[PDB]
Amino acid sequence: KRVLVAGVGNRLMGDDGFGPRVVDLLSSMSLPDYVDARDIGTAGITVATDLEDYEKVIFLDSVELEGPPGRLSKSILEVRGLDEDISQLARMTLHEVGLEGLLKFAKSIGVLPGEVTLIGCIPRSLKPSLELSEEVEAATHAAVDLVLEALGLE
């Protein structure tokens, strides 16, 4: 309960099980107790009283990015920058209808972990299937190393 490693996707949809299958591998290792490797599947995660509790989160999923199957892409969401942008938007939206909806937005983001990292895998196929392609199965192991090296555990 300090770092969250979240695998996101449908294990019944072929290479969309990439994220969860990286969680299966991480569960087999001896990570420190502050790491929670969690398969959230397609059910999503509640920010209040769950995601709030982590200092740091790494999200793993499958992405429609151009390139070959199994290619990994690492990116960051700078959450502090996002709060500031929303605040600027608010100041222009103070007297419009959807200001409220914007502040509901901000309240959830304001408590997101200060470090948010996303690791995406290009699938080979997303059709119904219990199995990974070979490329995405190889990518699960490459993604462990990315996760371990983002945590300083390599």
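The numbering used is simple: start at 1 and walk along the sequence shown.
- The PDB entry records a higher mean C-alpha B factor for 88-96 than for its counterpart among 88-96 and 57-65.
- Just going by the entry, 112-120 versus 46-54 on mean CA temperature factor gives the higher value to 46-54.
- Among all modelled residues in this chain, the alpha-carbon of residue 71 has a temperature factor (C-alpha) in the lowest third.
- Ranked by Cα temperature factor within the chain, residue 5 sits in the lowest third according to the deposited record.
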